[PDB]
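To start, the structure under review is shown below, and the notes come after it.
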Amino acid sequence: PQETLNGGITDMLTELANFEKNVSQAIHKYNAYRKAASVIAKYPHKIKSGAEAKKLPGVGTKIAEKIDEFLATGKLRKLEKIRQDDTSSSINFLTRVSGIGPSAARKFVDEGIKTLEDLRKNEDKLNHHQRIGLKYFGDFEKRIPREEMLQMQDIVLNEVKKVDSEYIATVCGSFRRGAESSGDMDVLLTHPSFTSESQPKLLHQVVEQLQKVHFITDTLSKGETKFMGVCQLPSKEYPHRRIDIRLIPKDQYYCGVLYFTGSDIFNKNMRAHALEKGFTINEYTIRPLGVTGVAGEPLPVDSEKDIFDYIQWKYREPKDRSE
DNA sequence: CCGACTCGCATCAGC
DNA sequence: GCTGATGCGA
DNA sequence: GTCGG
Ligand SMILES: Cc1cn([C@H]2C[C@H](O)[C@@H](COP(=O)(O)CP(=O)(O)OP(=O)(O)O)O2)c(=O)[nH]c1=O
Ligand SMILES: [Mn+2]
Ligand SMILES: [Mn+2]
Ligand code: NA
């Protein structure tokens with residue numbers, strides 16, 4: 001109990017979570033373990049028994065028993081076995097390549113493809129996404145310091161303005177909450193030519209411009225509203241980074257900014273209280289619920305705070321939206 | 001006991 | 001060819 | 001996996 005508290009426990013749960021998702025293809029068990037780890041990581045005491053943990057929300061009989069075994073013996077038989085298993089271990093590892101999920105990792109391992117070498121020997125069996133994830137395997141597992149994030153913002157906002165002075169672009173995600181470190185760059189984008197009732201050609205032009213100045217280096221996926229790609233600060237070379245660009249209608253922009261800024265936990269808390277007050281919020285709109293529960297028409301939103309107001313909540317600055 | 005627990009894009013199965 | 005299903009990362 | 005209905 002030094003790393004935060006219950007670090008040994010949260011790592012245990014996270015590992016179990018990873019095998020459920022990657023080997024068992026059980027997203028819900030995966031989410032249960034991660035939630036349980038997140039509750040425990042916040043619990044301000046060193047846990048001394050499964051019974052104590054069982055009283056936490058999201059901790060049931062099974063994770064309680066795992067904790068008693070971990071506390072009594074210093075390990076978990078099930079995790080040690082999983083850890084040493086060639087097939088489970090290799091399946092779990094390969095999903096760390098972006099574009100290889102549980103299904104592709106299982107097929108690869110079935111035909112003897114188990115390592116990065118194996119993948120590099122068999123590039124022909126990889127789709128485009130998977131090829132790039134392989135290419136930048138190490139880069140993609142590095143975190144992005146805020147200062148590189150700011151340099152990256154400088155480039156995104158400048159180049160967007162150069163395409164069209166009318167574009168609005170906002171870096172959201174952990175960056176906007178003031179995180180000192182980020183896993184990727186999330187960019188929201190809008191324009192007056194694009195409303196909920198309106199050829200978008202607005203995302204392609206920005207993507208194209210960022211490729212011309214050699215900021216974006218590869219494309220993982222690109223449609224009329226969402227781009228997923230790779231980018232790189234100009235120089236010893238900087239790591240290649242993940243960037244997502246989303247084009248959203250102007251009249252749903254602040255709903256998107258809120259959704260793609262806030263931590264997942266924060267978004268959940270706000271969705272709950274919004275129901276409490278008879279509102280349903282998604283990433284694009286806020287709607288009132290009628291007396292039966294049916295949804296009305298979207299309400300006007302001219303500011304992130306307008307959303308807080310609708311549901312009678314004190315404005316929470318992005319820096320304070322970790323939960 | 002037992003079912004519950006979002007979306008845009010790429011690719012593939014199949015028609 | 002196209003449509004729908006499945007996979008994927010968010 | 002946990003937790004309701
Ligand atoms: C995946 C996911 C995302 N969101 C919103 C909120 C999130 O903040 C924003 C950016 O998403 P992400 O880039 O994937 C992680 P992030 O917050 O930016 O932190 P880092 O990337 O730096 O690790 O989208 C959800 O509401 N529910 C979700 O399930
Ligand atoms: Mn992010
Ligand atoms: Mn992202
Ligand atoms: Na993956």
Side-chain angles (χ1 to χ4, degrees), chain A residues 9-10 12-28 30-40 50 53-65 67 69 76 78-79 82 91 94-108 124-134 136-137 140-141 172-175 182-189 200 203-204 207 218-230 241-247 249 252 255-256 259-264 267 271-272 280-285:
Chain A
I9 297 177
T10 67
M12 187 187 53
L13 295 184
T14 295
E15 270 187 283
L16 288 177
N18 282 338
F19 289 104
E20 295 289 349
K21 172 176 119 258
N22 300 323
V23 180
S24 294
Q25 278 167 281
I27 196 54
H28 296 118
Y30 161 84
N31 280 324
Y33 276 117
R34 300 211 318 127
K35 165 77 135 223
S38 171
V39 170
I40 276 160
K54 171 74 190 256
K55 318 172 202 171
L56 298 185
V59 181
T61 294
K62 294 153 222 207
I63 284 154
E65 299 182 339
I67 282 162
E69 166 170 344
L76 199 57
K78 184 78 230 75
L79 250 183
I82 278 158
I91 296 182
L94 292 188
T95 63
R96 292 166 56 187
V97 179
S98 174
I100 299 178
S103 175
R106 193 121 191 71
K107 296 186 231 277
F108 281 142
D124 51 291
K125 323 201 147 156
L126 268 60
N127 63 33
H128 179 76
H129 190 140
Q130 278 155 354
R131 270 170 214 214
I132 288 140
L134 179 51
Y136 302 121
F137 181 89
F140 283 175
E141 285 193 346
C172 304
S174 46
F175 178 70
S182 290
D184 69 1
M185 177 162 270
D186 306 306
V187 183
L188 265 292
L189 181 79
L203 180 53
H204 161 91
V207 172
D218 310 80
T219 303
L220 295 170
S221 62
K222 175 172 175 289
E224 329 200 52
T225 54
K226 185 173 71 147
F227 168 91
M228 291 171 47
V230 185
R241 318 290 203 179
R242 280 285 288 97
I243 183 177
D244 304 321
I245 310 177
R246 197 133 173 170
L247 173 68
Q252 326 189 314
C255 275
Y259 181 85
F260 292 98
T261 288
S263 89
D264 294 6
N267 282 343
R271 289 327 167 55
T280 193
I281 308 183
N282 56 41
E283 48 263 80
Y284 329 92
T285 64

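All chains are named by letter (A, B, ...) in the order of the sequence lines, taking the proteins before the strands, and each is independently numbered beginning at 1. Note: hydrogens, waters and symmetry copies are ignored here, and every other heavy atom, side chains too, is used.
In this structure, the side chain to side chain donor-acceptor pair (under 3.5 Å) partners of A/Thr95, at least two apart in sequence or on a different chain, are A/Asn22. Applying the ring-ring contact (aromatic ring centres under 6.0 Å, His included) test to A/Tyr136 and every residue at least two apart in sequence or in another chain returns A/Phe140, A/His240. Considering only residues two or more places apart in sequence or on other chains, A/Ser221 meets the side chain to side chain donor-acceptor pair (under 3.5 Å) condition with none of them. With sequence neighbours excluded, the residues satisfying side chain to side chain donor-acceptor pair (under 3.5 Å) with A/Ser98 are A/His129.
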- Message: Output the pairing pattern of DNA chain D as a dot-bracket string, 5' first, Watson-Crick or G-U wobble with both distances under 3.5 Å, | for cross-strand pairs, [ ] for crossing pairs.
- Response: |||||
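When distances run from any side-chain atom of A/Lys226 to the nucleotides B/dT11, B/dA10, B/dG8, the shortest one goes to B/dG8. The side chain of A/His28 sits closest to B/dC5 out of B/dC5, B/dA10, B/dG8.
Checked by atom type and distance alone, the side chain of A/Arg34 never pairs as donor or acceptor with a backbone atom of A/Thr14 at under 3.5 Å. Side chain of A/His204 to backbone of A/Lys222: no donor-acceptor contact under 3.5 angstrom is found.
Within 4.0 Å of A/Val39, counting heavy atoms only, lies no atom of the nucleic acid at all. A/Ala36 comes within contact range of no nucleotide atom at all, as no heavy-atom separation falls under 4.0 Å. Contacts of A/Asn282 with the nucleic acid, taken as non-hydrogen atoms under 4.0 Å apart, are absent.
Here chain A contacts DNA chain C (any atom closer than 4.0 Å to a heavy atom, that is under 4.0 Å), and the contacts span C/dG7 to C/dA10 from 5' to 3'.
Whole-Å rounding puts the A/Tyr30 OH to D/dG1 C1' distance at 13 Å.
Judged by the sign of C1'-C2'-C3'-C4', D/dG4 carries a north-puckered sugar.
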